[PDB]
């Protein structure tokens, strides 16, 4: 899965900027990455305590938001070739739980990308 490279890099960036992202976001994000409709991976991005964590599988607890899309679409969002808002409104990006926590996440990771 191309998206794996991406979650690992997030995990690595948290080892530095973890605490400031936790304070801004305070929430747990679960991901379901598909290949051909079959889920190929589940990742959790915890941003609730400490530096945050990135691990594989579902949330140890309740996820505040569960995001579902294909590996390939995940990559287009990361690479800026696809607006995640447009993807959501076209139905290629599914989003369960606290929907406005995901734009809260988006904005804040966008910020630390410009470093």
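Easy rule for this one: first residue shown is 1, then count along the chain.
When the header is checked for method, it gives X-ray crystallography, 2.5 Å.
Using the three backbone atoms N, Cα and C, a Cβ is placed for every residue, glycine included.
Here's what Swiss-Prot has on this protein:
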- 42: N6-succinyllysine (MOD_RES)
- 48: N6-acetyllysine (MOD_RES)
- 86: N6-acetyllysine (MOD_RES)
- 104: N6-succinyllysine (MOD_RES)
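Put simply, 104 is the one of the modified residues 42, 86, 104 whose Cα lies nearest to the Cα of residue 48 (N6-acetyllysine). All protein chains considered, the CB of residue 104 (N6-succinyllysine) has 16 other CB atoms within 10 Å.
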